[PDB]
Amino acid sequence: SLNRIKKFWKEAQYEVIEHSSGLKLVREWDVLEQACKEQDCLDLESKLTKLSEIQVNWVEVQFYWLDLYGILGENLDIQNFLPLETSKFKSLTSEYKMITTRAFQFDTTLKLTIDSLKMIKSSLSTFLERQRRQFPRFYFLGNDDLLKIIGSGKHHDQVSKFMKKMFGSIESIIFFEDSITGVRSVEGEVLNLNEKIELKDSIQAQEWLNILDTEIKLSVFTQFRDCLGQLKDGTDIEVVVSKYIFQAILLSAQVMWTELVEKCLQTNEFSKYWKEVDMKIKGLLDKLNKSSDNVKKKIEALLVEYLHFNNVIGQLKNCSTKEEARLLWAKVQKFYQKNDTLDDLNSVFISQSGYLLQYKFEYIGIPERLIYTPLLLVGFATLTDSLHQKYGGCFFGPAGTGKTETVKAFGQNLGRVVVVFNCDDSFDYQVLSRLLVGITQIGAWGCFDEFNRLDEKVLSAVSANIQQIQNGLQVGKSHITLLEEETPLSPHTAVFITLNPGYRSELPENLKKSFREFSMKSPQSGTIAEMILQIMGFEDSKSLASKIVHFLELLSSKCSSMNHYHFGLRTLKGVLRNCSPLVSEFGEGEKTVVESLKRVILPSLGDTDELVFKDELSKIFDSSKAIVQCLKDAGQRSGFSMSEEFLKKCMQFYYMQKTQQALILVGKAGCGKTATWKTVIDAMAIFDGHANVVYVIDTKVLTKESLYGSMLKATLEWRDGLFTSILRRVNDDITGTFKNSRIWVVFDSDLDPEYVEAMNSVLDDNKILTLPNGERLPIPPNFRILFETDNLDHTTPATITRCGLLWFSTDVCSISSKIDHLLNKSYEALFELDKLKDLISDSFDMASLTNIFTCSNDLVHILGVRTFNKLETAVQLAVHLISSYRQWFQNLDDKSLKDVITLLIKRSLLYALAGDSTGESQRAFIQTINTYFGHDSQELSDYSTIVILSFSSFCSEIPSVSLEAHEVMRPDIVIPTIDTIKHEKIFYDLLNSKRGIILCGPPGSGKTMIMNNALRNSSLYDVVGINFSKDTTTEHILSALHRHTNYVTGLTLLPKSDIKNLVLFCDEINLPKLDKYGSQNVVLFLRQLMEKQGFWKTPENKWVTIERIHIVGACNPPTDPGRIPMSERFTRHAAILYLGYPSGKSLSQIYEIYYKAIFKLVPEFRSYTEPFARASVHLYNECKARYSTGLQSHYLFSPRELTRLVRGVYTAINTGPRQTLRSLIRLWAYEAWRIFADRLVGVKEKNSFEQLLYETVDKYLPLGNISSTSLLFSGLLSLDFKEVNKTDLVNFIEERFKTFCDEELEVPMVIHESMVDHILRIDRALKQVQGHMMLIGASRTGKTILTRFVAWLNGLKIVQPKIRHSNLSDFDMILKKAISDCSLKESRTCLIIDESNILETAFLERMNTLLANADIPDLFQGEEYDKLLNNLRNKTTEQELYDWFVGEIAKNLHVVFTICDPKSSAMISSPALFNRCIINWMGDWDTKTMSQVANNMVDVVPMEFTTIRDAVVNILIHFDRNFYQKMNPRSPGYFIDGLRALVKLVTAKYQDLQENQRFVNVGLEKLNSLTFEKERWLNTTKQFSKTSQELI
Amino acid sequence: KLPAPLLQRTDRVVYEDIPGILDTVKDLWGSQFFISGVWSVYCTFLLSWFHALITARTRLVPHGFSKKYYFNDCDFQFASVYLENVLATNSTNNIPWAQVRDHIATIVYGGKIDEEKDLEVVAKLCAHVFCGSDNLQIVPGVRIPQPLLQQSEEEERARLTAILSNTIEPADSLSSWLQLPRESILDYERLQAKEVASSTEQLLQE
Amino acid sequence: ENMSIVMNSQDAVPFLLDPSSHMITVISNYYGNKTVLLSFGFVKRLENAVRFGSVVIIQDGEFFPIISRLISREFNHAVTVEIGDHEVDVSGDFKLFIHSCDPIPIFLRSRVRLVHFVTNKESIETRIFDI
Ligand SMILES: Nc1ncnc2c1ncn2[C@@H]1O[C@H](COP(=O)(O)OP(=O)(O)OP(=O)(O)O)[C@@H](O)[C@H]1O
Ligand SMILES: Nc1ncnc2c1ncn2[C@@H]1O[C@H](COP(=O)(O)OP(=O)(O)O)[C@@H](O)[C@H]1O
Ligand SMILES: Nc1ncnc2c1ncn2[C@@H]1O[C@H](COP(=O)(O)OP(=O)(O)O)[C@@H](O)[C@H]1O
Ligand SMILES: Nc1ncnc2c1ncn2[C@@H]1O[C@H](COP(=O)(O)OP(=O)(O)O)[C@@H](O)[C@H]1O
Ligand SMILES: [Mg+2]
């Protein structure tokens, strides 16, 4: 190991994969770390520990040099910022260069290097800390934003972009001629600073930011003072609205209102000031009707406040007594200003419920002003009460009840920006505590929005910090000691918490003692809506608001309890926001509200919900064609038909995407979502004139690393995902296409929670994307996402209202309309064309077709696909049939042509609508088809076929093929019958019709067989067959297509051949298991190929168009164990055929052909082939009918058992002597017993099989005893398979057993009759072709030892894999070594696999495919496949070489399974394991076997000295029965260990007693005073017999 | 949930303090040292009586309230400071009893209460205690006369303590003093005995 | 009698299903410095302990298959045991134990000498009768 480690370190090097020069870079860290993980040993251990320290230094040094090269290798301003810091970074660069040189070309030097790296990182940390202390609003940013700002020294840029993050309500800096005149708010408002901020090259970032912040506060104060003086001078507000910013007019108007209402409250006078305020409101509304956008926002916010003033004054006027008037005036917020204080910024204080607070003069912009409701003022009052004693204001209640907005409005009224902690699982501890300390040091207010959504550890960790903050505030502390630093504590900070208890938890106790909780469950949606409508200009606003609230209440109470229904306040405010663009057309009235309710709420409702909506809208409320015409034109261009439902849904989607930037289209598969949005996009392109670029991205097929992008564990290099790539390509707009074109990203798959956690911030109001590398990508207005789902089971209620939801409750078509569209599309896919189109179109007479579809829905369909989704198969099949027969149509009469067309349409309908049903249901459906068309047309029968043009039948085509004797070993020989030809013909039609096929059927029904028969005899198609497993990925399919397909520009995927289309046979597509969120990767990938004809490359993000690749499937029904039903969105794209078990006639025909082939070997009995066929078929039919799966999990039978019986009879005849009739009958009976009755339950069931076989012989083959113990067959005692004699057989096997035990292992096995019979049976099963074992027997029943003995006697070699911490790589390495030894040495293998070694179902599926074929294709690919072919060429046409490889594996491979308990249950019912491995029932031991084993093993111990043996054996077996019946097979491990322990204990104790008796006899002889000794000796001799009996 | 090994090797006791109304009033009065005139002391007396009454009414889950709340010393401190601030800013001896009534009922004590029924329960008790009338029969036995305008605060503390010493707590204080019907507390006793007897039945049929 | 059954087993490796982790402590005290404790480079340290001849105790019995030869006592005499992919000599002093603290595959169940420690109402009766 030391030499290997030394060689590995001497071979250790570096990879040139970096950019520019940097450092040399290393890859594959995990392998090196796993390899790395007395003086020589001590030196090696010290070297390894030092190496681990050096690799820690290495990973940390690139982890730091990511940012260090980001800010130092491409930005000299940071490294030249401060002089001592410049020298420090110069030393940094020199050390970096010197360690780079010595890495290209030392232990203490590199220890000093990592020490210096820690020192410089600490220095950079304290430098950023000092930068944050100078400007504590830096401390809201990450490290990288700080580095960018401090590098923007003399640039004045990129510090205007992060000031939304730093300042909360600033969008950008404005600067003219290197001087600052103000800032821009988020709402576009400009703030005019009092004086320009002079700037030079010799300036620091934090210095001018401090000047800017203090000047912002002083400028807001100055605007407030000027506005207040102007309003005091009698100047109207209508002229000063457009003069100063919103905050100044806000505070000045509030101060004037407070002063005037107090002056008029000192007396009983309110009407004058009420009229003044009302006139101000009316003037503001009149100006709002005719003002610009910024003035619109200003007047809207001032109107919120003036309606609050009007409400308060109206409340005060109606008070009967002055005491209640003073009470009502004390409850509202009151604004004052000091006069004696010359300090400008502390001159305004605010009084609520007696207590006082301070205005802070921070700039806020024009925020969305909350409507002043009484609950809002009570929330203000309790927040004031909590703040007055330096407590914390807490809020609890239901979700969406106005808590965070109330905290934000409190902060806005108090002239400050409340920084909001959007608490979720994304906020880890360090950023949360950092922004907490920023809120502490600034003096800002931190609202913990949704505080109950934290994890437990982070909730406790930050509850400690909030408790420390509150305890510092309460006692008037100056500094708080949290995060290991004594940060300043400004006495103006606060912490608010809004949470939802039991939705979840309550406030923790440590925070419960420092806070004051409050419940605010019910917002007043009435007065909110009334004030919003009054602001928006509606003439009747109060009654309209009451109507809207009542209607939303009725919809919440009457409609169904679906998850995506939200009828609360957010929906109401969305309706009100959508009213105004409809106000611009309909007008200010009820019609606008009704139409906005239809545009906003109605898309998300169902059908009965739609009726409820219409009824309540008619009861409560009283009550554009250009885009409709353009939609109709675009639909007629696209082939669709404008039904009323389809036009309604198209209009809804268009009017709804008018406002919302991302939509969710929900509805059952086939309802018309993609057609809807494609029609809408085409119509919008035609109407508006903008070009439209569309992109379809199935969500679940691509993983999130492929969708977005991720780092590298060794290099940390960002790789663009698909969505990030397309967004960057539309952000850059290099060519210029994406400046005047709408760009759509359609997520045409199912929503996923863990996928949408990274989509939420994309869908947030910021329209920004969160990436691991720190890049932020904006979303343009014309970048609209679309979703297309079929269910919303895992969609959180956070995104149902964040994203627009459109609901498709029913189909947008009739059946006839889809038939017409499919016909036209298939015609366009293609003097004869027009008449052909006319005939195909008018032969679809809907009057009978309606009854046909309604009589085809009711039949039992397996893999149930809706009746509306069979239309594609029916129409496309009929069109392709007529287009195939078009050549000979110019020379036939109209009657015969009409009959031919009618027959082909009948065939299409029969094999589309009820092609997925049983045989009898097919007869019923064809009877219905023949009835409903009428009897004048050609009658399609069960076997009608068209030959070139005349009526024909399938019965006159089948070839009577005569295979020779030795082709029954080949598993792919297909005996053609009527059903096989029918299924191959319909398969060819459905394959050529550009349609997918699904072959659903029971195990052994002939799915793979008819599959490969159909596309092995075809010269126009080829198979890439795949067997699926539980753990299947998308890359498995691409690996399967790797050797048959080529990439051509890769923008297009083509088969490697040039004349044959490729067929992707995917066997058992039910195996891909659901993920944690109920979806499968492989079947969604298949849906993507069959629907959209292409897929997205995962490393390049390119659309690889599919041209000539088909997809077919073959899977067991979903009701079987181990299978999961597939999504109907995929199965609606594939025509479904049902393959039942063949009938008795076809079975007897196939197996009489097999018996002719086998009796060509023995021609003297060539006339008895048919009775043998009826014998085998009748025996299997009885074994299936009388024995069902309800008895055991292995009571399944198929034609595979008959084929195995034929192969066994063939190998016994070939390896046997000359045969009589009696010998042939007894050989067939013995083979039938060994194949069929290797699994029957009891002796009664086996006797029933024996009488069945006797009756079968007496009925078909006109007898000695033919039981399992009478037909003793072997080949060990002779040179051929014959009946040998028991005495010589047992003597030979006992002698060879003695040789085994004396040569290899000292195993004390016990030989018995059951063991002899079972080693005979397993030697028989290992003497066949493709012999494998499913040995059902309890533990320690001798199964593995018997297998090893048989393998030793037959010359097999033994390999037993060492299966913990082992995987498919090591398993395939061992298997490759074993198969290479088998191929290059002809060494027959006995590969032992126990049930303790089958850890994963992937191993089971590997053997399952192995036994489906006689080999596995993907084990050998690439270099290993080339090496295998070279070795085959050296030892001995690729097809012939692989055929011989398959043959030699099938003849020279024997893997066995040892199972005790029958994850392993699905193995038994698995069809391809059921193919060739023989299930041997060892059985639990019975009384006879237990007694025989005990008698044979205890016979070598002297015990008959106190018969005893039979009595003690009966005692032991009966106590074992009592134990197992008073405490599944019953193990003899306890039994065998007990007998062994008894044997050794008896031997040792008898030896000890013999020694004691010899010593006592010697003492007695020596002794022979003495009377007592003689008496004692006599007593001992008398009691010795009882002592011996007691001993035993 | 405390950890099981910590709760195992230890001796556990479950405590139950006296739910007596007069004992809680006496404890609150003794813990207070009042300082603003005589009216601050009088309002502290009223607040102590109200807090004791509401804490005693809390214990009766189905009838005294609808849920189990927890009014404690911090809530008492907030109410006392609000009374001090009301008396400080209003020195014209026209005390805004409506202000303290609504603020204590809706914001101080009724902040944590979400159900409406408990809210007018608290409102009724606030209206009774803080009525500010000339004659105040807090319970049908004792009365608290208002302070007169010619004395000091120490004699007022002495007089209210003397009123406390004269008071005797009857055995039916859970219904007579809390203005509850006798059938209500009888039903509460019936429910507690019923749950005890039913649980003994379930534990006894095993 | 549990200890007697544990240490009167020369042919099968004993099993110690002890949830209180008392059996592991008592056998570590009994064996002194020779106790080498493992749980489910553990294969490498198992091979080194087998070559040295040290007693090995393995916890987490419910997570039991690479020790199949050692648990079944299938040795080659030339005494050599082929563990993993290399034949390893046996010093003869090697003893193996299996421990579990969670009161199992059938191969593990029926190849060892299972010893169980449990308390119930019968244990309560026995303890109060003894007192
Ligand atoms: N207006 C129409 N007139 C006629 N046929 C139509 C019309 N709209 C849609 N169809 C038919 O409906 C079929 C359903 O396909 P479509 O793409 O609309 O489904 P979908 O809603 O996207 O379903 P899925 O969820 O399975 O993807 C189309 O193939 C088309 O033939
Ligand atoms: N004056 C108001 N009072 C209460 N709610 C309002 C007012 N104005 C608007 N709202 C609406 O109430 C909603 C409050 O939800 P929010 O408090 O954010 O819930 P949570 O904080 O629990 O997520 C907002 O969507 C807002 O549109
Ligand atoms: N027409 C037929 N001619 C010859 N053999 C048939 C025919 N129909 C069924 N069989 C036998 O039935 C078995 C079908 O098994 P298979 O189709 O491989 O199962 P699965 O469909 O589960 O893969 C084969 O072993 C085959 O020999
Ligand atoms: N009938 C038997 N007679 C003697 N020993 C047995 C017998 N059956 C099992 N054993 C013991 O079990 C060990 C192997 O049993 P094995 O064949 O692996 O049973 P299983 O395959 O059911 O686990 C052998 O070393 C042997 O000592
Ligand atoms: Mg198959």
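Chains as they are written, first to last, in my numbering: chain H, 5 to 1596; chain U, 1046 to 1251; chain A, 442 to 572.
The beta carbon of each residue, even a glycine, is placed where N, CA and C say it ideally should be.
Backbone secondary structure at residue i - three-state DSSP
| i | result |
| --- | --- |
| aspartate 344(H) | coil |
| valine 60(H) | helix |
| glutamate 15(H) | coil |
| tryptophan 1581(H) | helix |
| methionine 1411(H) | helix |
| residue 2(H) | Within the shown structure, residues of chain H are numbered from 5 to 1596, placing residue 2(H) beyond reach of any answer. |
Opening and closing residue of the alpha helix (DSSP H) in which residue i lies
| i | result |
| --- | --- |
| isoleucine 215(H) | 209 to 236 |
| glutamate 1228(U) | 1227 to 1249 |
| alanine 1168(U) | 1161 to 1174 |
| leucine 151(H) | 147 to 155 |
N- and C-terminal bounds of the beta strand (DSSP E) containing residue i
| i | result |
| --- | --- |
| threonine 130(H) | Per DSSP, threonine 130(H) belongs to no beta strand (DSSP E); it is in the alpha helix (DSSP H), 111 to 138. |
| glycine 1000(H) | 1000 to 1004 |
Any chain B beta carbon closer than 8 Å to residue i
| i | result |
| --- | --- |
| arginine 106(H) | Any reference to chain B falls outside this structure, whose protein chains are H, U and A. |
> Is it true that the region 351 to 362 of chain H meets the region 278 to 287 of chain H, where meeting means three or more beta-carbon pairs spaced less than 8 Å apart?
Replying inline: no
> Along the region 1383 to 1405 of chain H, what residues have a CB closer than 9 Å to any CB found in chain A?
Replying inline: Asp1398, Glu1399, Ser1400, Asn1401, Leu1403
> If you pair each beta-carbon of the region 1072 to 1091 of chain H with each one of the region 1045 to 1053 of chain H, do three or more pairs fall below 8 Å?
Replying inline: no
> Quick one, which residues of the region 1139 to 1171 of chain U are near chain H if we go by CB-CB under 8 Å, in chain order?
Replying inline: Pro1141, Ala1143, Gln1144, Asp1147, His1148, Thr1151, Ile1152, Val1153, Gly1156, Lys1157, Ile1158, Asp1159
>> Could you tell me which whole beta strand (DSSP E) segments of length 3 or greater appear in the region 1062 to 1103 of chain H?
In response: 1065 to 1071, 1098 to 1100
>> Residues of the region 1457 to 1470 of chain H in Cβ contact with chain A at a cutoff of 7 Å, in chain order, please.
In response: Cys1464, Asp1465
> Can you list, in chain order, the residues of the region 512 to 526 of chain H whose Cβ is nearer than 8 Å to any Cβ on chain U?
Replying inline: Near chain U, meaning a CB-to-CB distance below 8 Å, the residues of the region 512 to 526 of chain H are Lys517, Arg520, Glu521, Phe522, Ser523, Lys525.
> For the region 35 to 54 of chain H against the region 720 to 731 of chain H, are there 3 or more C-beta pairs whose distance is under 8 Å?
Replying inline: no
>> So if I threshold CB-CB distances at 9 Å, which residues from the region 1354 to 1373 of chain H count as touching chain A?
In response: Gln1364, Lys1366, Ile1367, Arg1368, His1369, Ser1370
> Closer than 9 Å, Cβ to any Cβ of chain A: which residues of the region 1038 to 1056 of chain H, in chain order?
Replying inline: Going along the region 1038 to 1056 of chain H in chain order, one finds no residue with a Cβ nearer than 9 Å to chain A.
> Going along the chain, which unbroken runs of the beta strand (DSSP E) with 3 or more residues stay wholly within the region 1278 to 1358 of chain H?
Replying inline: 1336 to 1340
> Is it true that the region 540 to 557 of chain H meets the region 497 to 512 of chain H, where meeting means three or more beta-carbon pairs spaced less than 8 Å apart?
Replying inline: Short answer: they don't touch.
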